[PDB]
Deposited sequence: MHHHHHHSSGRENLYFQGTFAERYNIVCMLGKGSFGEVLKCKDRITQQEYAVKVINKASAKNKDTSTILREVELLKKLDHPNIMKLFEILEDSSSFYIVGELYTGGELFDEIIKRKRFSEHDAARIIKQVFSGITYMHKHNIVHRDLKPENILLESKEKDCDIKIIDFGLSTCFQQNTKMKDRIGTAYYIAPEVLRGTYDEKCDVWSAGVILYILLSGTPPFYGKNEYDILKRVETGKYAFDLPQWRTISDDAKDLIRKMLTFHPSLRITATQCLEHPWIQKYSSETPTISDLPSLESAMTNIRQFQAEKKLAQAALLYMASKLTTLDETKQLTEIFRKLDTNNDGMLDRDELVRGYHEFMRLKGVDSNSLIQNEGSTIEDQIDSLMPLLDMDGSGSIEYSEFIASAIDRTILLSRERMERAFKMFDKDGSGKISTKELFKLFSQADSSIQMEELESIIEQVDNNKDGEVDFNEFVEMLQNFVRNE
């Protein structure tokens, strides 16, 4: 395997997309699957701030982050000059451009959007990761479709790498001017984002960066602009709690998510339309509940690494409607209510075994990291057709994602292609 790069052997570079933090971001495509991905290329010599052992450790945790509103990293690969961080490709651009186009949003539309930031940030903070620089330019739109998920990018690598080289000043908490970060800085930044969403203007506005940072110094903002009068007191109460000056008195990410104003506007719930879609989710999980253990884990690794938007976009809607508390993961109770609601909408009396014992029995097989929750990939794994999950191209990639040494055959420590194909086609 001498004349083969790890990145080069697997992905072709299509084109540059942008200059990201710590290095360039490019569009690349898998040479077998043809599926396209974004890749950030980071120069080792120049950007390295830690040893590679620390960098690969840090990035591994970032890869294991599983949340609909957080960018999904697939892998970190290296050659003699660079690191290559490969992730989901988004096509909808920055939330920032949405602000410019719409100028500002209804309480409904601002609620649906910021709810997703709260969801992602809450998950980030549960895993002890602060963004440090939350802003509209670091929130990407998944696609061009209407109510598409937003995706928080660009965090986690801050001690690993070193940058070299406008408008960030609007979003920085005051404590950050004191050289301090903590989880409450992200809340502040998200409060500013929200104020801009509902009003179209930042709370600490000014002509240049000196004067912007001067108002941010004082902590003084108001709901003075004429447009604030036809905006509820509930949005005002949330902003006030987020733009509280002292971090210790400022609300958490979770309380942002749980705020009454959030609850009121983002209550999309399951309907008759979802029944056939929901019926498809059932069949595929129903065997996943009694499908082999080596099958269950092997399926989780495939659907998690090699899916695409247009494939799982249906499961994505269903997931959302079951996610009644809006944190981006499915707990035990939400599944049970969803199973009750499913039956009710179909006309079948719930009150074999009960819905409650069936879910109780499903959770251990379904929650495979033992998280207590059913994260997005665990759902997709379970509730997708293997009729479309299993194409030759994907098996070919899978086959090579486990053969570490590059033999043409798999060893026991790691865990023929035709013997591979039959195993997965059971």
### Query
Deposited sequence versus model: which ranges have no CA atoms?
1-13, 179-183, 370-375, 440-470, 482-486
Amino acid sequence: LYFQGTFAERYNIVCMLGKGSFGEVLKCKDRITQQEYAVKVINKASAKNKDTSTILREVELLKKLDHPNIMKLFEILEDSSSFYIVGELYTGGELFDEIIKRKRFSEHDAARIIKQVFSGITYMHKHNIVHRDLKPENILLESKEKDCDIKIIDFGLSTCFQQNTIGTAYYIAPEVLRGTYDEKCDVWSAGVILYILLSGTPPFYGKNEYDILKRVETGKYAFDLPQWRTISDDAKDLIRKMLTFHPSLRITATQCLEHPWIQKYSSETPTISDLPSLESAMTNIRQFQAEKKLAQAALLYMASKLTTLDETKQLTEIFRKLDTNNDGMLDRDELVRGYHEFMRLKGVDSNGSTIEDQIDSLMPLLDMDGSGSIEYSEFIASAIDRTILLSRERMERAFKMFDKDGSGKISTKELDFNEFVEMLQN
From here on, numbers count along this sequence of modelled residues.
### Query
Among the other entries that model both neighbours of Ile166, does it go unmodelled in a third or more?
yes
### Query
Taking the other compared entries of this protein, do a third or more of them lack coordinates for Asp30?
no
### Query
Where do the C-alpha atoms have the higher mean temperature factor in this entry, in 32-40 or in 371-379?
371-379
### Task
Select between 217-225 and 297-305 the stretch whose C-alpha atoms have the higher average B-factor in the entry.
297-305
#### Entry: Most elevated Cα B-factor in the entry, residues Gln255, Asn128, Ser106, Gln289
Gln289
### Query
According to the deposited entry, which of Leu26, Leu65, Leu56, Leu390 has the largest Cα B-factor?
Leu390
### Query
In terms of the chain's CA B-factor thirds, is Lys48 lowest, middle or highest?
lowest
### Message
Among the modelled residues of this chain, does the Cα B factor of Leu61 put it in the lowest, middle or highest third?
### Response
middle
### Message
Quick check for you: using the entry's CA B-factors within this chain, is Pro270 in the lowest, middle or highest third?
### Response
highest
### Query
Sorting the chain's CA B-factors, does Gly87 end up in the lowest, middle or highest third?
lowest
### Query
According to the PDB entry, is the CA B factor of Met401 in the bottom, middle or top third of its chain, that is, lowest, middle or highest?
highest
